[PDB]
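Below is one structure; the comments refer to it alone.
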Amino acid sequence: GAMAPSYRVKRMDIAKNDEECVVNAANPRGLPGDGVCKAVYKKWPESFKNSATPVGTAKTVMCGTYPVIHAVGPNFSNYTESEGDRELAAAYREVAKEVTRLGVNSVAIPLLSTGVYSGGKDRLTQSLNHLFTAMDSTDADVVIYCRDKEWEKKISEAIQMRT
Ligand SMILES: [Cl-]
Ligand SMILES: [Cl-]
Ligand SMILES: [Cl-]
């Protein structure tokens, strides 16, 4: 565990993280994909051996000894708001189980279903709150990765409001 488990946010490519493991915003078929998934494929391609897993689940594959946790958020183009919300909460619960099983002291995590899978909605708060629900009972240092300057501000404010 971390000595004083924390949440932080950084605005940069998750493929350059300084944590003991990474969460990929995966597709269910283990394909290279686009966005976070493509950056993860270029950095850790060995981790996409048998990485396919259903929506709402997480599957870990090692790249050397570095764990890549493939977490499959729902595509809100295809799911109802209700079913999508349930699957997005479930993907994060499975990430917390994997982070715990691996025994890491830190994890780099993107906001699931906030990009191409958002169904053209702003899901910062919805996705971040499901991340907190899952990860609050873990003792890993969590570092959230984003790319947008105003998202960095909003994520940082949400973290600091609980401290
Ligand atoms: Cl960067
Ligand atoms: Cl996404
Ligand atoms: Cl972002």
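Each chain in the structure tokens gets a letter, A, B and so on, in the order shown; residues start at 1 in every chain, and ligands are counted from 1 in the order they appear.
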
Item to check | Protein and nucleic acid residues within 8 Å of ligand 3 (only C-alpha atoms and all ligand atoms) as number ranges by chain | outcome: A: 11, 111, 114-115, 145-149, 151-152

What are the nearest atom pairs, with distances in Å to one decimal, for all residues of chain A that come at most 12 Å from ligand 2, using only C-alpha atoms and all ligand atoms, set out by chain and rising residue number as CSV?
```
residue,atom,partner,partner_atom_place_in_ligand_line,distance
A:24,CA,ligand 2,1 (Cl),10.0
A:25,CA,ligand 2,1 (Cl),6.4
A:26,CA,ligand 2,1 (Cl),8.2
A:27,CA,ligand 2,1 (Cl),8.9
A:33,CA,ligand 2,1 (Cl),10.3
A:34,CA,ligand 2,1 (Cl),9.1
A:35,CA,ligand 2,1 (Cl),7.9
A:36,CA,ligand 2,1 (Cl),8.0
A:37,CA,ligand 2,1 (Cl),8.8
A:38,CA,ligand 2,1 (Cl),11.6
A:71,CA,ligand 2,1 (Cl),10.6
A:72,CA,ligand 2,1 (Cl),9.1
A:73,CA,ligand 2,1 (Cl),7.2
A:74,CA,ligand 2,1 (Cl),8.3
A:75,CA,ligand 2,1 (Cl),7.4
A:76,CA,ligand 2,1 (Cl),9.4
A:77,CA,ligand 2,1 (Cl),11.1
A:88,CA,ligand 2,1 (Cl),10.8
A:110,CA,ligand 2,1 (Cl),8.9
A:111,CA,ligand 2,1 (Cl),7.6
A:112,CA,ligand 2,1 (Cl),5.5
A:113,CA,ligand 2,1 (Cl),3.8
A:114,CA,ligand 2,1 (Cl),4.8
A:115,CA,ligand 2,1 (Cl),3.7
A:116,CA,ligand 2,1 (Cl),4.7
A:117,CA,ligand 2,1 (Cl),4.2
A:118,CA,ligand 2,1 (Cl),6.2
A:119,CA,ligand 2,1 (Cl),9.2
A:120,CA,ligand 2,1 (Cl),10.4
A:121,CA,ligand 2,1 (Cl),11.1
A:122,CA,ligand 2,1 (Cl),11.2
A:123,CA,ligand 2,1 (Cl),10.0
A:124,CA,ligand 2,1 (Cl),11.1
A:127,CA,ligand 2,1 (Cl),10.3
A:146,CA,ligand 2,1 (Cl),11.5
```

Next on the checklist: Can you pull out every residue with an atom within 9 Å of ligand 1? Use only C-alpha atoms and all ligand atoms and format it as a ChimeraX atom specification.
Outcome noted: /A:11-16,147

Selection to disk with C-alpha atoms, as a tab-separated table (two decimals), in the first residue's frame:
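Generated output (again_37.tsv):
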```tsv
chain	number	residue	atom	x	y	z
A	11	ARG	CA	-2.75	16.49	-18.10
A	12	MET	CA	-0.47	14.34	-20.32
A	13	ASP	CA	-0.28	11.07	-22.28
A	14	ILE	CA	-0.98	8.05	-19.93
A	15	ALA	CA	1.66	6.13	-22.03
A	16	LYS	CA	4.31	8.34	-20.17
A	147	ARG	CA	-5.76	15.80	-22.08
```

Next on the checklist: Please return, as an NGL selection string, all residues of stretch 11-113 of chain A that DSSP assigns to helix (DSSP H, G or I) on the basis of the backbone.
Outcome noted: :A and (14-16 or 36-43 or 45-48 or 81-102)

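Note that the spacing between atom CA of residue A:68 and atom CA of residue A:44 amounts to 7.9 Å.
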
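Proximity of A:142, A:104, A:32, A:137 to residue A:159, computed with only C-alpha atoms, is greatest for A:142.
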
Next on the checklist: If we count only C-alpha atoms and set the cut-off at 10 Å, which residues sit around residue A:21, ignoring sequence neighbours fewer than 5 positions away in its own chain? Please answer as number ranges by chain.
Outcome noted: A: 60, 62, 65-69, 99, 102, 104-109

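Compared by their closest atoms to residue A:158, and using only C-alpha atoms, the residues A:89, A:128, A:135, A:39 rank with A:128 nearest.
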